[PDB]
Participant: 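Encoded as structure tokens, here's the structure I'll be asking about.
Atom set for the values below is all heavy atoms of this structure, side chains included, hydrogens, waters and symmetry mates excluded. Each chain gets a letter, A, B and so on, in the order the sequences are listed, and its residues count up from 1.
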Amino acid sequence: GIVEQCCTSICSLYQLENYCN
Amino acid sequence: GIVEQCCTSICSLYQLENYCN
Amino acid sequence: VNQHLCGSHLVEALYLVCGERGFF
Amino acid sequence: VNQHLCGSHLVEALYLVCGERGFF
């Protein structure tokens, strides 16, 4: 999920945008 | 500048985008 | 630069990218 | 949530928002 993608690995703006309301 | 806007105060995505190459 | 976003830093990044509505 | 971006946290935010080209 988001913690694996952004915390364990490095994520992009577009990936973060996938989790917006 | 950007440090006054984002560090001293709180800045938005759009403000950060103003400083992109 | 440390490009990892964990905990409160991830939450700030999400509020930054998404706006006040925030996220799920 | 601490929404201030200083030092390395500002530089990370800029690399996030802008991409590799980065910023000025």
Side-chain angles (χ1 to χ4, degrees):
Chain A
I2 195 171
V3 173
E4 181 182 1
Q5 284 174 59
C6 297
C7 173
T8 305
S9 288
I10 296 158
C11 73
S12 69
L13 177 68
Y14 306 104
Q15 286 173 271
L16 288 167
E17 288 180 349
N18 292 336
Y19 292 87
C20 293
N21 296 315
Chain B
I2 196 173
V3 176
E4 179 180 1
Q5 283 172 67
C6 296
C7 173
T8 305
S9 288
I10 296 160
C11 73
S12 69
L13 179 68
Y14 305 104
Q15 288 173 269
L16 289 167
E17 290 184 342
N18 293 335
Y19 292 85
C20 294
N21 292 316
Chain C
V1 54
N2 171 14
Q3 306 159 86
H4 298 267
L5 295 170
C6 302
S8 59
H9 303 313
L10 179 55
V11 174
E12 165 48 8
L14 283 162
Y15 272 115
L16 183 63
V17 168
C18 300
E20 183 177 353
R21 59 206 198 179
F23 38 97
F24 60 82
Chain D
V1 54
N2 175 8
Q3 305 153 91
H4 296 268
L5 297 169
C6 302
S8 62
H9 302 317
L10 178 57
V11 172
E12 166 43 11
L14 286 163
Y15 274 112
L16 184 66
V17 169
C18 301
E20 185 180 353
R21 58 203 196 179
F23 38 98
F24 59 81

Participant: If I compare all heavy atoms of A/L13 with all of D/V17, which pair ends up nearest, and what's the gap?
Facilitator: CD2-O, 3.9 Å
Participant: Are C/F23 and B/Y14 linked, directly or through intermediate hydrophobic residues, by side-chain heavy-atom contacts shorter than 4.5 Å (ILVMFWY only)?
Facilitator: no
Participant: Please report the closest heavy-atom contact between D/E20 and D/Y15, naming both atoms and the distance.
Facilitator: O-CE2, 3.7 Å
Participant: Could you state the interatomic distance from NE2 (C/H9) to SG (A/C6), rounded to the nearest 0.5 Å?
Facilitator: 13.5 Å
Participant: Linking I/L/V/M/F/W/Y whenever any side-chain heavy atoms sit under 4.5 Å apart, do C/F24 and C/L16 land together?
Facilitator: no
Participant: Is there a continuous path of hydrophobic side-chain contacts, each under 4.5 Å between heavy atoms, that joins B/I10 to D/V1?
Facilitator: no
Participant: Are any of the side-chain heavy atoms of D/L10 and B/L16 separated by less than 4.5 Å?
Facilitator: yes
Participant: Output the distance between atom SG (B/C11) and atom NE2 (D/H4), rounded to the nearest 0.5 Å.
Facilitator: 10.0 Å
Participant: Report the distance from atom CD of B/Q5 to atom CG of B/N18, rounding to the nearest 0.5 Å.
Facilitator: 7.5 Å
Participant: Taking atom CD of C/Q3 and atom OG of D/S8, what is their separation to the nearest 0.5 Å?
Facilitator: 11.5 Å
